[PDB]
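Working notes, structure below.
Quick note: the coordinates plus some simple rules give every number you see, no bench work behind them. Don't worry about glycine lacking a Cβ; one is built from the backbone with ideal geometry, like all the others, and counts go over all protein chains shown.
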Amino acid sequence: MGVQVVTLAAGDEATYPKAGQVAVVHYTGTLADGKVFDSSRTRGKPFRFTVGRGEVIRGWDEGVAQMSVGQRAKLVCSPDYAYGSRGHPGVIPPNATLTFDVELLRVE
């Protein structure tokens, strides 16, 4: 399954980011061995992207769309939904399942 979204904390179950809408999130991404490759929480500033535009990996475009505002979830992105066999040199290895702890802050 490309992406699975497991809830850590419920959102308002009302406000979901739709295609072409901006989602504002905090996130922390980890590899299967626990290594943190990216976090907006560490940087201390939320991250914005436009849902469905391919600005992020496919697991995010599809997974964040399943979240409602205030929700915290783990997005488990299979390699086909992230970087595939190619990976991202110096950041992500080949064939990596990526886990993101994401909180959806706002839709714009």
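Summary of values
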{"read-out": "Scope segment 66-108; condition among the hydrophobic types (A, V, I, L, M, F, W, C), surrounded by fewer than 18 Cβ atoms within 10 Å (Cβ to Cβ) and within 25 Å of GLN21 (Cβ to Cβ); matching residues", "value": "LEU105, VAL107"}
{"read-out": "Single residue of segment 38-61 satisfying the filter (part of a helix (DSSP H, G or I), within 17 Å of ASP101 (Cβ to Cβ) and in contact (Cβ under 8 Å) with a residue 40 or more places away in the chain) that is nearest to the chain's Cα centre (by Cα)", "value": "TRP60"}
{"read-out": "Condition check for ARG43: more than 20 Å from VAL5 (Cα to Cα) and charged (D, E, K, R)", "value": "yes"}
{"read-out": "Filter pass, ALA14 being surrounded by fewer than 16 Cβ atoms within 10 Å (Cβ to Cβ), of a type in the set (A, V, I, L, M, F, W, C) and touching a residue at least 40 places away in the same chain (Cβ under 8 Å)", "value": "yes"}
{"read-out": "Among residues of segment 92-108, those that are farther than 20 Å from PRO46 by Cβ, out of contact with any helix residue (DSSP H, G or I) (no Cβ under 7 Å at 6 or more places or on another chain) and either of a type in the set (A, V, I, L, M, F, W, C) or touching a residue at least 24 places away in the same chain (Cβ under 8 Å) (or both), counted", "value": "2"}
{"read-out": "Count - residues of segment 62-100 that are closer than 15 Å to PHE37 by Cα, assigned to a loop (DSSP other than H, G, I, E, B) and aliphatic (A, V, I, L, M)", "value": "3"}
{"read-out": "Residues (in a loop (DSSP other than H, G, I, E, B) and among the hydrophobic types (A, V, I, L, M, F, W, C)) located in segment 1-35", "value": "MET1, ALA10, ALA14, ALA19, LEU31, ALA32"}
{"read-out": "Criterion (touching a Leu at 6+ places or on another chain (Cβ under 9 Å) and over 14 Å from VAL107 (Cα atoms)) met by exactly one of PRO93, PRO17, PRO89, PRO46", "value": "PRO93"}
